[PDB]
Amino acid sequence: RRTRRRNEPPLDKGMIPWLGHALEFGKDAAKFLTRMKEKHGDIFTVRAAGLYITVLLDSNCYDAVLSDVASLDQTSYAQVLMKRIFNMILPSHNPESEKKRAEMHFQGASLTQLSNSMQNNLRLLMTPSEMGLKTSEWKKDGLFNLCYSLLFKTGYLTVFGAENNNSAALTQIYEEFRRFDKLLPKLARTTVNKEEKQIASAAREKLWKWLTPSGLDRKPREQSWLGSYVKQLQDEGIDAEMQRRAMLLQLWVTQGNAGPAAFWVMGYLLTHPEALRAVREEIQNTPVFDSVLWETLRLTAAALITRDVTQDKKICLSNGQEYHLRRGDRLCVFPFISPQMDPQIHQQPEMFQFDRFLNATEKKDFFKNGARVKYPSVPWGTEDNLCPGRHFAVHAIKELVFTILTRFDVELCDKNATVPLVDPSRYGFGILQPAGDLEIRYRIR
């Protein structure tokens, strides 16, 4: 029987013994945590599957709290998730030497080269023939499926240097990946039913084979990002089978957000003609588009930054009140709920307004009840630990949007359509994914 100690957050066990709020937290994390915020405020502790999870939603505390890596561990949870989702183990892996390299390969001159290759690869994949325009003037597709297809294939070819895969082989990989990706949330939660466990297992196995071209004598490039990664695993005594499985882990890490983000960007522009105009005008340093991307990320970048509490920690909210986390609990931080979707910070937060971050110049002054908000949106995580793939991802999103808007005419099938609702299963996992899709048609401009 867990009991609240002095200055611990509000405690909400739910009614189901042991299990607590696990189901509901899992089904839709935004709805459930919003519910709890309303009930309890900016900090509260929830029971889920025998564990107690403290959630911090006071955005000005995020950095200072998360900077404390002595009290807050990413690694052990990442292990469990790695096992549950990717059917993977990496005994004796040092995550530190590979965190450093991920940061170096995706910035500076290293990023310039990858971005160049990304551009070249996107051009190869946006040929009339690649766009399915060999049979008619117009081609019907879902905007989401199209945006993911194009960025997945570009990211893949660029980051893995997998030109060994032909046009139809890339389509097969993407489609298999999608079956895996679709199931990744349930898989992360251990909520997979019989059929879904089999589909997941089947997709993983095809991908493990396809992503490592075993039969080919392709000398590894050990100075590349992916090559140095495999070499490290090999030097750590990690067997060939696990190397093969790490490829699917690295595929998700690098390809599972950008295409989806580009979908939302395009979705919002196609449904907001004034935003589309201001972007199209600009396409002839891009302050407008910058704002459009940042708005899109406010609405759809929903990582649930999670940590295990390794030691008791005293924590302070903006009002000065003090709370105690206890060793063995989890801590979650959710910038989606606040600041991104906080109505006291961004008025009408459910609405896409392209200029939200433009003055009458970048808008940088934001407030909650007269308090300065340093970070009005937090898609890349916290200032101490910013996503190392962000510059690459933004480049890629720009490149797709630019290209589509310039070389294609793209129309919504239903003239009055809006962007689909969000598939709530996605909250916590990065860029959100549409419930259904946005039906479009396109042609060579």
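Numbering starts at 1 and follows the sequence shown.
- Where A360 is followed by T361 in the displayed chain, the model omits 1 to 3 of the deposited residues that sit between the two.
- The entry models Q284 and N285 with a gap of 10 or more deposited residues left without coordinates.
- Relative to one another, 365-373 and 156-164 have unequal mean CA B-factors, and 365-373 is the one with the higher figure.
- Just going by the entry, 313-321 versus 194-202 on mean CA temperature factor gives the higher value to 194-202.
- The entry assigns its greatest Cα B factor, within the set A240, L150, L111, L276, to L276.
- You'll see in the entry that, of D342, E130, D181, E295, the Cα B factor peaks at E130.
- When all modelled residues of the chain are sorted by CA temperature factor, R244 is found within the lowest third.
- Among all modelled residues in this chain, the alpha-carbon of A396 has a temperature factor (C-alpha) in the lowest third.
- When the CA B factors of the chain's modelled residues are split into thirds, the value for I53 lands in the lowest one.
- In this PDB entry, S115 carries a Cα temperature factor that places it within the middle third of its chain's modelled residues.
- Ranked within its chain, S71 lands in the middle third, by CA B factor from the PDB record.
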